[PDB]
Amino acid sequence: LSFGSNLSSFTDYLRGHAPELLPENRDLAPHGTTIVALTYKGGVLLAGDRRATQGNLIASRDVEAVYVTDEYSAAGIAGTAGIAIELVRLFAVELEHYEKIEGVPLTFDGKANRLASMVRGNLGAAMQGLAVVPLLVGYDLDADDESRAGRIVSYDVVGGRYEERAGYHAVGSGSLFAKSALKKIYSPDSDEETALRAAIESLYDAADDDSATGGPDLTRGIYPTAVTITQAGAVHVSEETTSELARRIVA
Amino acid sequence: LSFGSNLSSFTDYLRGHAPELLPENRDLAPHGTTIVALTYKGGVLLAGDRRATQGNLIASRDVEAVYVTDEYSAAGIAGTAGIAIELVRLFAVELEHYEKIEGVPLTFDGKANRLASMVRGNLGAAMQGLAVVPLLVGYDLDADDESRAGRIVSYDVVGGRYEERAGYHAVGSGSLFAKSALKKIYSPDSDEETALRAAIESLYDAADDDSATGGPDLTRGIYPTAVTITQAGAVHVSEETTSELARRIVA
Amino acid sequence: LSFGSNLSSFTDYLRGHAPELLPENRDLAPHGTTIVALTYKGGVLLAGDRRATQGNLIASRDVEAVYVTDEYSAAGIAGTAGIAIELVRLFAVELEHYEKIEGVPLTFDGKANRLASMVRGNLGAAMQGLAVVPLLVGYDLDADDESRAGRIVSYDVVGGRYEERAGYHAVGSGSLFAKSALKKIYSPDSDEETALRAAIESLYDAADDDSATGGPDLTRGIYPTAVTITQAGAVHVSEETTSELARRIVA
Amino acid sequence: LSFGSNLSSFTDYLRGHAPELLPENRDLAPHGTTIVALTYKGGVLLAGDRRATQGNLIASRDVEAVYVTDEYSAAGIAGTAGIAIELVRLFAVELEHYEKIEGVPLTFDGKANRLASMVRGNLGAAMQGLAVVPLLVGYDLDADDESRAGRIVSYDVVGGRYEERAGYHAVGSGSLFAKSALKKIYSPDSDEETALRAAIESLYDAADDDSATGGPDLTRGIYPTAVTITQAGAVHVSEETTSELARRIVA
Amino acid sequence: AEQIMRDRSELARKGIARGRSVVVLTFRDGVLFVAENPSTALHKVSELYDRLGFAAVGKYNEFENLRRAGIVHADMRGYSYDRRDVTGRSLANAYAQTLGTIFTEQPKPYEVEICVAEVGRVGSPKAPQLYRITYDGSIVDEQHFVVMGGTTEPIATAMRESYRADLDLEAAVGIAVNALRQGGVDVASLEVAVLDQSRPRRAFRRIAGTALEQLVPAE
Amino acid sequence: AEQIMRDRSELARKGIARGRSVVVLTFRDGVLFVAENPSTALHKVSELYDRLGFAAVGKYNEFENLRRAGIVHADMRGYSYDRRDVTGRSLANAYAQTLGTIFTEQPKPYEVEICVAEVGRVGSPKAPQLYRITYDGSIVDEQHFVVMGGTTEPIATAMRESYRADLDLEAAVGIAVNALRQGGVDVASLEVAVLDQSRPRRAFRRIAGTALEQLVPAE
Amino acid sequence: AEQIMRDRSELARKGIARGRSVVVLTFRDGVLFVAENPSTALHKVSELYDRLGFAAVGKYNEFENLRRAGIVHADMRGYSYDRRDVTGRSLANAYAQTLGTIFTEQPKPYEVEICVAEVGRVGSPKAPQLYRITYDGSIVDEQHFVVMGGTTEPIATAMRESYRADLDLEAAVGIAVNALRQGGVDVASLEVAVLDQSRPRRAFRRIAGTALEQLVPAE
Amino acid sequence: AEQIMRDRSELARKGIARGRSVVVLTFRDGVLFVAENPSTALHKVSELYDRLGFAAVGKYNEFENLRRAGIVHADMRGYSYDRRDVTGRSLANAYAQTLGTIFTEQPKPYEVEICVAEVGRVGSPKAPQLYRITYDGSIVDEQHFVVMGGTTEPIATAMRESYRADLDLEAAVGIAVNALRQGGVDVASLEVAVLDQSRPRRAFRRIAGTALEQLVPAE
């Protein structure tokens with residue numbers, strides 16, 4: 001029975017006991033959805049589309065793109081769906097294992113630096129068309145402004161990480177449009193419902209020009225997935241809160 | 001004599017005692033058939049065509065594409081026949097060995113997560129035209145709704161897995177057509193005979209537009225293979241039940 | 001002195017003591033002949049052509065393409081002659097060694113599964129134009145119908161195996177034609193002489209449209225090679241029985 | 001627990017305990033900003049743009065391209081942002097660890113020679129379009145002329161290093177223009193404010209002809225990042241000092 | 001100073017000396033496994049393959065390891081050839097070789113004794129077979145019954161003159177449960193399993209409590 | 001000169017002999033962990049997985065290593081299959097095998113004793129399970145309580161006749177805190193944790209000081 | 001303290017000392033194998049190759065390993081060259097080298113004694129050959145008969161003055177079955193096999209029970 | 001012949017027995033390091049990380065190696081996560097594990113005793129923490145002071161009844177410099193350093209001679 005990683009990194013363990021499980025070692029597959037992240041009074045939130053496309057075909061219409069990675073942080077990942085899923089999973093275990101070992105959770109930055117390490121491992125698959133890019137949000141427990149504790153970190157395909165601090169950000173095909181809508185309808189410190197509304201709205205605007213998106217659809221009943229993180233922790237928004245906010249947006 | 005895998009994984013054993021047997025290490029060959037999966041009252045079912053094609057040629061007309069992987073789960077695999085066969089076999093041993101070791105069977109999700117691991121290993125052969133994609137169904141013993149215990153999981157070539165929850169799904173050349181027929185003739189919670197009838201019918205409709213399929217043929221006596229899984233377990237449907245349901249469908 | 005393979009596999013032994021001898025590690029050369037297999041009352045039989053071609057040239061006209069692999073099974077192999085020969089040889093040792101070790105012979109299916117393993121190793125050379133495909137027949141000792149004990153198994157280049165159960169099958173350039181002749185002149189349960197006659201006849205018909213074949217030739221005295229397998233075992237048919245049956249076929 | 005590097009090099013440690021972390025082992029991503037370095041009376045300074053571009057798109061507008069690598073030295077890095085960031089980080093640890101081990105800091109030249117070693121490792125990624133080039137500045141503690149203690153070192157992609165001694169230098173897309181502006185407005189030994197002013201000005205001139213730059217922007221409030229190094233050490237210039245000097249430059 | 005084998009042998013014999021016992025026997029349905037085991041979480045009897053069973057005594061972790069090693073070895077063979085090529089004789093020999101090596105090289109010998117039980121295919125009229133492997137790597141082929149664990153002498157004879165062919169299931173459970181009583185009290189606090197030849201595939205089945213009550217005689 | 005195992009065994013038994021003790025028991029909410037520990041930085045009880053807990057006694061660095069080894073092993077299984085396939089039985093066996101090997105080959109045996117505690121899923125009505133693994137690689141499956149560390153005899157009996165089902169939390173804390181008092185003074189200078197089955201996922205929770213005050217009875 | 005070889009030698013000689021015996025002899029048809037063996041599952045005589053036979057005594061798992069080792073070595077040579085290049089002399093030398101090394105380096109020497117029997121090709125008039133290899137790696141080339149296992153002295157002489165050329169099959173079975181009786185009762189509870197030179201290829205054949213009855217004389 | 005650990009333990013205890021001593025204590029500003037050291041080239045106290053300090057006694061090269069090993073381990077963690085995730089607890093545990101292994105396997109145990117000191121972040125009101133690791137791999141968490149090296153008993157008590165919270169810097173230097181005097185003369189021929197929590201990043205600072213003069217009291 002192995003004694004684990006010297007750095008308390010589940011990843012580092014695999015690196016020396018099961019390399020096969022790492023990304024490093026390994027449209028023809030469905031790809032990632034558009035995902036938006038907003039900062040607000042309490043904490044931060046992530047809202048993701050549900051459209052998974054492969055070619056011009058719609059592969060799935062109930063894709064959950066946002067995950068709660070840990071008590072005070074969640075992340076969405078766009079790109080090759082398969083790769084994305086595996087990546088976020090490993091990331092979660094990474095964080096949780098560190099805690100069960102060290103008895104303490106990782107700093108937000110620590111968590112962000114790890115995600116980079118992982119993305120950076122997929123660089124090979126990235127260059128071959130199987131790229132994936134995550135969007136990380138979290139309630140920085142070691143922060144001063146309990147009002148500005150929410151943070152958003154974007155990524156490269158080469159493993160770089162970036163602090164957003166613009167109040168919002170996006171990733172995925174519609175990201176371009178979504179971000180531009182937020183540039184207009186997004187207001188700084190505000191309700192958790194105001195921000196969540198702005199998000200669900202930006203996905204509407206993204207769906208307008210991006211066929212790979214097509215967010216809220218009242219007729220078919222397809223609604224965005226969301227997750228909010230505040231001093232209380234990370235929680236999954238209910239389909240009700242979503243669909244409701246969706247109809248309200250419509251005129 | 002080796003003491004086996006630390007994780008009780010037959011695969012993991014091969015990984016370190018007989019790497020050659022793994023997929024990871026290795027039209028010019030016949031390829032996989034169309035396969036349909038339906039969810040219904042009792043449990044779930046899988047029905048597969050029998051046509052194996054290589055080029056425009058028919059290579060086999062009695063191909064069994066559905067296998068009982070374990071007491072409460074079966075799977076069909078489409079793509080390079082040779083690869084497919086080997087894959088499903090290994091998958092079965094994987095499951096069975098885990099049980100004989102741990103004294104307990106794997107959770108359905110556990111079983112699905114393993115199948116992914118295996119598919120993911122074939123990603124190299126996939127990218128070289130020797131891809132294979134399975135369709136997994138099972139009676140979730142750890143489920144609440146004993147009526148909704150049936151589940152269907154589809155796959156990527158990169159190892160991703162997806163929960164279907166639409167009542168039906170398909171894979172293989174005719175998959176496209178078959179799914180579209182089910183979109184119309186498939187009714188939710190229903191007889192095991194109603195669902196099995198819908199399936200055999202969708203294979204008829206797939207055969208209409210896909211030359212790689214050509215399902216039920218009353219003249220030659222070629223009938224679909226099926227397998228049902230319910231609280232009683234997984235059982236092979238008889239040629240009678242099939243051929244009979246086949247004729248009844250015809251007008 | 002090594003203690004042998006843990007699985008009693010001569011192959012597995014080479015795999016770890018003399019990798020160089022395995023196929024895995026390694027028209028510009030003469031290639032394999034057309035070979036036919038028929039099932040009948042007693043057991044099964046294999047009949048093969050004698051024409052080995054390299055380019056448009058005839059390289060050999062006395063090629064023995066059918067071999068007795070073991071007391072109750074024989075196989076023919078078509079494709080790069082050199083590779084083919086080595087492959088069948090190894091296969092024989094594989095079977096025989098298992099017996100001398102375990103004190104028991106392998107099940108027919110076991111024997112077929114091994115042949116696959118071997119073919120599967122040549123997949124690399126296959127993809128480079130040095131492919132070879134065997135045709136395995138045997139008297140299944142563990143069978144119920146002592147009349148249906150005969151079996152025919154065909155192969156892929158990727159290592160897949162298939163149960164024929166159509167009464168006959170073929171491989172090699174003329175295989176296409178030969179099979180089509182058997183579709184007409186082949187009758188189920190019948191004499192060992194009736195089936196052997198049908199076979200030698202199908203090679204005549206194959207020679208008609210395939211220049212890489214040219215089976216029985218009364219003028220030059222080139223006659224097919226055959227092998228029958230019945231409860232008594234596998235035996236080489238005599239040139240007499242062949243040439244005689246050959247002339248009788250001619251009108 | 002490992003006893004560390006024999007040469008007290010953190011890098012050399014990774015080289016033999018965690019190769020994966022090294023650059024050696026590993027527009028599609030945002031790339032590095034324009035960076036200027038000036039020598040003056042007291043010490044030296046580095047000023048960098050904030051524009052990170054990917055394609056023709058602006059990826060970030062608050063990129064910090066200058067870092068304090070150690071008490072008496074800082075460096076800016078242009079090229080693939082992700083790679084750049086990781087590189088400068090490692091470089092910092094490299095220096096700091098050496099000190100904590102040897103109890104003494106590295107000579108400036110020693111520090112420069114290390115940076116080279118690192119750049120040299122990225123040569124593979126460089127040749128594939130993911131190149132990065134740093135600009136190193138420092139207050140040479142082992143220098144004679146306490147007035148000429150400031151030094152500027154430029155780099156190759158193959159790991160070569162060069163002593164500037166021209167009073168100024170630059171790197172990044174606008175480097176070409178920036179240098180040419182300094183050729184005119186840069187005066188030797190002078191105020192720390194005169195040099196810092198010249199720098200912020202050259203970034204203005206670079207922004208004139210380089211769309212990948214666009215330095216100071218009074219309307220949007222985007223101002224250059226700077227760092228000065230003198231006998232007192234390395235210190236981050238304040239946004240005030242920057243924005244102020246920026247407006248003063250404007251006519 | 002050359003017969004350390006005598007010592008190592010003793011270390012093992014003594015370990016297997018103390019600790020419960022196990023009885024494996026042949027009968028009408030197939031093979032019966034009766035072993036003294038107070039626990040319900042940990043086991044001493046287990047399914048080896050389709051027609052193979054495994055039972056052991058001695059130090060747990062050690063015979064447990066060997067148990068897994070068997071499951072694996074069996075599966076490997078099945079995978080590589082055909083499930084029908086998996087034989088008790090094979091695993092028996094395998095074990096004999098492993099224990100023999102462990103005995104000779106490992107620092108401390110394995111305080112284990114193993115029994116491999118096979119039972120002909122569904123149709124086949126062939127009679128079940130038994131194998132016993134000891135800590136030093138020795139094997140024997142009993143066709144009637146095998147005793148191991150604790151003090152055997154009394155239990156051995158108790159069976160020696162108490163065994164019969166076609167011995168009914170209920171009866172067999174008794175034959176054994178009594179051979180245990182006499183020598184070394186013996187309530188339904190056991191682990192009983194059987195290798196039912198009637199079954200088409202798996203053949204291994206564990207006998208619960210409610211069904212056991214109606215099989216274990218009193219004193 | 002063959003029974004060095006007797007010696008090594010003694011080295012361990014004596015090490016675990018001195019040093020504080022620990023009590024793990026079953027109750028209404030799930031599983032209670034009461035262990036003597038003056039420190040607040042270092043621990044003897046820890047979360048193993050979602051429904052597993054870990055507690056040990058003996059030499060720190062040694063049982064600490066095993067603790068990590070568990071966390072990892074558990075996570076691996078969860079990652080490779082599903083979090084729901086992670087079982088106490090698995091880690092228990094794992095530990096049994098590890099300690100057994102360490103005992104046999106390592107230069108100095110591990111002066112450790114470990115307890116693995118599992119508790120059914122949120123809904124499931126299944127009752128918690130306990131496992132104890134010793135320095136030589138032996139395991140047992142207690143369903144009520146487990147005592148280890150220091151001199152057990154007195155604490156064992158103190159519990160032996162003081163334990164009851166559905167035993168309230170506050171009461172249980174008492175049952176144990178008293179079984180400790182009598183044998184081997186015992187202020188709120190302990191490490192107490194619990195495996196609350198009411199929780200949906202994590203299930204492991206540490207009981208602070210303020211909340212402990214209202215649970216630890218006096219003498 | 002240099003002649004540990006004397007000891008190791010003794011350990012082996014004593015092991016082979018106890019335990020049944022075996023007789024291999026030359027005759028009209030080819031080579032006869034008569035070995036005391038109560039079992040029908042495990043063997044001491046086996047086919048080595050086309051014209052080679054193998055028989056051994058001592059510790060099973062050990063001589064068994066060597067048996068396999070031979071099958072493999074023979075096959076390898078046959079595969080690499082031609083079946084006709086496989087010779088008894090080769091395997092004999094091989095075995096001599098292996099046992100010699102095992103004796104010298106392995107922790108415990110192999111308590112084994114081996115006999116390799118060869119018989120000319122179908123046509124060839126050449127007379128069969130025998131080889132005996134001992135635990136220390138020594139070999140001799142007997143052309144008449146070889147005795148090994150248990151106490152040989154009596155059986156040796158019993159053959160020494162009882163052997164003859166062209167000795168009929170039935171007679172030979174007697175010659176040997178008697179040499180066994182006298183020294184160390186001897187019913188049709190043996191393992192008898194032969195290397196029939198009349199056969200075209202395989203040459204090795206096992207003699208069943210019904211056919212044996214009509215060959216084993218009484219006392 | 002099993003308690004070689006007793007011996008090895010003694011070899012270490014005696015090595016640490018002779019040779020100077022060291023005192024680490026908590027106070028107003030952070031953590032004080034006072035260690036007897038005539039040299040100015042070689043050290044016994046060093047910066048571990050941003051908020052960590054290291055001090056040791058025993059054989060130089062040995063505790064020196066461990067010192068480096070720490071610097072590396074700390075940096076690795078900082079690089080891999082965030083400088084803020086580096087904790088004394090981590091290195092403490094690390095060292096405990098390392099010395100424990102060295103003690104058990106290395107040919108000669110490490111004649112070393114180590115102290116890891118941590119001090120909360122600039123703002124944070126948390127009080128400094130101390131850890132001591134011994135040659136056998138044992139650790140304790142002192143919150144006031146730690147004594148090691150040479151004969152401790154006298155120095156220990158001298159501190160035991162001489163320590164106070166918020167103890168001024170100058171005073172603390174005295175408290176310790178005196179506890180050293182009494183037991184085992186003590187001029188400004190020492191190595192004194194401190195872990196000043198007021199500092200924003202590095203936190204480790206060495207106290208020179210001129211500044212020390214005005215801190216070390218006379219006798």
# chains A, B, ... in the order shown; residues from 1 in each chain; ligands from 1
>>> select_by_dssp(residues="segment 9-139 of chain D", states="alpha helix (DSSP H)", output="PyMOL selection string")
chain D and resi 10-14+81-102+108-125
>>> write_last_selection(atoms="N, CA and C atoms", output="CSV table (one decimal), in the first residue's frame")
chain,number,residue,atom,x,y,z
D,10,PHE,N,17.0,24.9,-7.4
D,10,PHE,CA,15.6,24.3,-7.3
D,10,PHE,C,15.3,23.6,-8.6
D,11,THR,N,15.7,24.2,-9.7
D,11,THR,CA,15.4,23.7,-11.0
D,11,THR,C,16.0,22.3,-11.2
D,12,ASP,N,17.3,22.2,-10.8
D,12,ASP,CA,18.0,20.9,-10.9
D,12,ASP,C,17.3,19.9,-10.0
D,13,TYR,N,16.6,20.3,-9.0
D,13,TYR,CA,15.9,19.4,-8.1
D,13,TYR,C,14.7,18.8,-8.9
D,14,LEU,N,14.0,19.7,-9.5
D,14,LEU,CA,12.8,19.3,-10.3
D,14,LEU,C,13.3,18.3,-11.4
D,81,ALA,N,2.0,34.3,-23.1
D,81,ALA,CA,1.7,34.6,-21.7
D,81,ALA,C,1.9,33.5,-20.7
D,82,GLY,N,1.1,32.4,-21.0
D,82,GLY,CA,1.1,31.3,-20.1
D,82,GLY,C,2.6,30.8,-19.8
D,83,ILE,N,3.3,30.5,-20.9
D,83,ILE,CA,4.7,30.1,-20.7
D,83,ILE,C,5.5,31.1,-19.9
D,84,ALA,N,5.4,32.4,-20.3
D,84,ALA,CA,6.1,33.5,-19.7
D,84,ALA,C,5.9,33.5,-18.2
D,85,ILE,N,4.6,33.5,-17.7
D,85,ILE,CA,4.3,33.5,-16.3
D,85,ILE,C,5.0,32.4,-15.6
D,86,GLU,N,4.8,31.2,-16.0
D,86,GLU,CA,5.4,30.0,-15.4
D,86,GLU,C,6.9,30.2,-15.3
D,87,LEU,N,7.5,30.6,-16.4
D,87,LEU,CA,9.0,30.8,-16.5
D,87,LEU,C,9.5,31.8,-15.4
D,88,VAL,N,8.9,33.0,-15.3
D,88,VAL,CA,9.4,34.0,-14.4
D,88,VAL,C,9.3,33.5,-12.9
D,89,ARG,N,8.2,32.8,-12.7
D,89,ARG,CA,7.9,32.2,-11.3
D,89,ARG,C,9.0,31.3,-10.9
D,90,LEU,N,9.3,30.3,-11.7
D,90,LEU,CA,10.3,29.3,-11.5
D,90,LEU,C,11.6,30.1,-11.3
D,91,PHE,N,11.9,31.1,-12.1
D,91,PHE,CA,13.1,31.9,-12.0
D,91,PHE,C,13.3,32.5,-10.6
D,92,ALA,N,12.1,33.0,-10.1
D,92,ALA,CA,12.1,33.6,-8.8
D,92,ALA,C,12.5,32.6,-7.7
D,93,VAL,N,11.7,31.5,-7.7
D,93,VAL,CA,12.0,30.4,-6.7
D,93,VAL,C,13.5,30.0,-6.9
D,94,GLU,N,14.0,29.9,-8.1
D,94,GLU,CA,15.4,29.5,-8.3
D,94,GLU,C,16.3,30.3,-7.5
D,95,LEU,N,16.2,31.6,-7.6
D,95,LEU,CA,17.0,32.6,-6.9
D,95,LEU,C,16.8,32.5,-5.4
D,96,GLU,N,15.6,32.6,-5.0
D,96,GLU,CA,15.3,32.6,-3.5
D,96,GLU,C,15.8,31.3,-2.8
D,97,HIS,N,15.5,30.2,-3.4
D,97,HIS,CA,15.9,28.9,-2.9
D,97,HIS,C,17.5,28.9,-2.7
D,98,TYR,N,18.2,29.3,-3.7
D,98,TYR,CA,19.6,29.3,-3.7
D,98,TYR,C,20.1,30.1,-2.4
D,99,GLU,N,19.5,31.2,-2.2
D,99,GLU,CA,19.8,32.0,-1.0
D,99,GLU,C,19.5,31.3,0.3
D,100,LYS,N,18.3,30.8,0.5
D,100,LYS,CA,18.0,30.1,1.7
D,100,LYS,C,18.9,28.9,1.9
D,101,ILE,N,19.5,28.4,0.8
D,101,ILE,CA,20.4,27.3,1.0
D,101,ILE,C,21.8,27.7,1.3
D,102,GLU,N,22.4,28.5,0.4
D,102,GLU,CA,23.7,29.0,0.5
D,102,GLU,C,23.9,30.1,1.5
D,108,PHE,N,24.8,38.8,-9.8
D,108,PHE,CA,23.9,39.2,-10.8
D,108,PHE,C,24.1,38.3,-12.0
D,109,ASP,N,25.4,38.2,-12.5
D,109,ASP,CA,25.7,37.3,-13.6
D,109,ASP,C,25.3,35.9,-13.4
D,110,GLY,N,25.4,35.4,-12.1
D,110,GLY,CA,24.9,34.1,-11.8
D,110,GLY,C,23.4,34.0,-12.1
D,111,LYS,N,22.7,35.1,-11.7
D,111,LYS,CA,21.3,35.1,-11.9
D,111,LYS,C,21.0,35.1,-13.4
D,112,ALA,N,21.7,35.9,-14.1
D,112,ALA,CA,21.5,36.0,-15.6
D,112,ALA,C,21.8,34.6,-16.2
D,113,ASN,N,22.8,34.0,-15.8
D,113,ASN,CA,23.2,32.7,-16.4
D,113,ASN,C,22.1,31.6,-16.1
D,114,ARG,N,21.4,31.8,-15.0
D,114,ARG,CA,20.4,30.8,-14.7
D,114,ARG,C,19.2,31.0,-15.6
D,115,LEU,N,18.8,32.3,-15.8
D,115,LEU,CA,17.7,32.6,-16.6
D,115,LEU,C,17.9,32.1,-18.0
D,116,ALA,N,19.2,32.1,-18.5
D,116,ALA,CA,19.5,31.6,-19.8
D,116,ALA,C,19.2,30.1,-19.8
D,117,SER,N,19.7,29.4,-18.8
D,117,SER,CA,19.5,27.9,-18.7
D,117,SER,C,18.0,27.6,-18.9
D,118,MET,N,17.1,28.5,-18.2
D,118,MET,CA,15.7,28.2,-18.3
D,118,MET,C,15.2,28.5,-19.7
D,119,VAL,N,15.5,29.7,-20.2
D,119,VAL,CA,15.0,30.0,-21.6
D,119,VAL,C,15.4,28.9,-22.5
D,120,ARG,N,16.7,28.5,-22.5
D,120,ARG,CA,17.2,27.5,-23.3
D,120,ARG,C,16.4,26.2,-23.2
D,121,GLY,N,15.7,26.0,-22.1
D,121,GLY,CA,14.9,24.8,-22.0
D,121,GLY,C,13.6,24.9,-22.8
D,122,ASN,N,13.2,26.1,-23.0
D,122,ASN,CA,11.9,26.3,-23.7
D,122,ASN,C,12.1,26.3,-25.2
D,123,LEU,N,13.4,26.2,-25.7
D,123,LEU,CA,13.7,26.2,-27.1
D,123,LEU,C,12.8,25.3,-27.9
D,124,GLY,N,12.4,24.2,-27.4
D,124,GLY,CA,11.5,23.3,-28.1
D,124,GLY,C,10.2,24.0,-28.4
D,125,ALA,N,9.6,24.5,-27.4
D,125,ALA,CA,8.3,25.2,-27.5
D,125,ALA,C,8.4,26.5,-28.3
>>> residues_around(residues="residue 185 of chain G", least_positions_apart="2", cutoff="12 Å", atoms="only C-alpha atoms", output="count of residues only")
16
>>> residues_around(residues="residue 168 of chain H", least_positions_apart="5", cutoff="8 Å", atoms="only C-alpha atoms", output="VMD selection string")
chain H and resid 27 to 29
>>> write_last_selection(atoms="N, CA, C and O atoms", output="short mmCIF file (atom, residue, chain, number, x, y, z; two decimals), in the first residue's frame")
data_model
loop_
_atom_site.label_atom_id
_atom_site.label_comp_id
_atom_site.auth_asym_id
_atom_site.auth_seq_id
_atom_site.Cartn_x
_atom_site.Cartn_y
_atom_site.Cartn_z
N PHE H 27 7.22 34.83 21.91
CA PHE H 27 7.13 36.13 22.55
C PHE H 27 6.36 37.15 21.74
O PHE H 27 5.79 36.84 20.70
N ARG H 28 6.34 38.38 22.23
CA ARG H 28 5.61 39.48 21.61
C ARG H 28 5.74 39.60 20.10
O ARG H 28 4.73 39.59 19.39
N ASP H 29 6.98 39.72 19.64
CA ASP H 29 7.25 39.87 18.22
C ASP H 29 7.05 38.61 17.38
O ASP H 29 6.61 38.69 16.24
#
>>> residues_around(residues="residue 209 of chain F", least_positions_apart="2", cutoff="10 Å", atoms="only C-alpha atoms", output="list in words")
residues 188, 189, 190, 191, 192, 206, 207, 211, 212, 213, 214 and 215 of chain F
>>> write_last_selection(atoms="C-alpha atoms", output="short mmCIF file (atom, residue, chain, number, x, y, z; two decimals), in the first residue's frame")
data_model
loop_
_atom_site.label_atom_id
_atom_site.label_comp_id
_atom_site.auth_asym_id
_atom_site.auth_seq_id
_atom_site.Cartn_x
_atom_site.Cartn_y
_atom_site.Cartn_z
CA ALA F 188 -11.68 17.92 28.09
CA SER F 189 -8.12 17.25 26.90
CA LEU F 190 -9.09 14.72 24.24
CA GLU F 191 -9.75 14.46 20.51
CA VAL F 192 -13.39 13.68 19.88
CA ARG F 206 -15.01 16.94 14.64
CA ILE F 207 -16.50 17.95 17.99
CA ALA F 211 -19.70 21.66 22.29
CA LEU F 212 -17.64 19.06 24.11
CA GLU F 213 -17.93 20.74 27.49
CA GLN F 214 -21.64 19.94 27.40
CA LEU F 215 -20.90 16.25 26.81
#
>>> atom_distance(atom1="atom CA of residue 77 of chain G", atom2="atom CA of residue 95 of chain G")
14.6 Å
>>> select_by_dssp(residues="segment 45-198 of chain G", states="strand (DSSP E)", output="number ranges by chain")
G: 45-47, 52-58, 112-118, 129-134, 139-140, 145-148, 190-196
>>> residues_around(residues="segment 142-144 of chain H", least_positions_apart="3", cutoff="8 Å", atoms="only C-alpha atoms", output="list in words")
residues 25, 26, 128, 129, 130, 131, 132 and 163 of chain H
>>> closest_residue(among="H:4, H:94, H:72, H:112", to="chain A", atoms="only C-alpha atoms")
H:94
>>> closest_atom_pairs(of="chain B", to="chain E", cutoff="6 Å", atoms="only C-alpha atoms", output="Markdown table")
| residue | atom | partner | partner_atom | distance |
| --- | --- | --- | --- | --- |
| B:1 | CA | E:98 | CA | 5.9 |
| B:2 | CA | E:69 | CA | 5.7 |
| B:3 | CA | E:69 | CA | 4.3 |
| B:4 | CA | E:69 | CA | 5.6 |
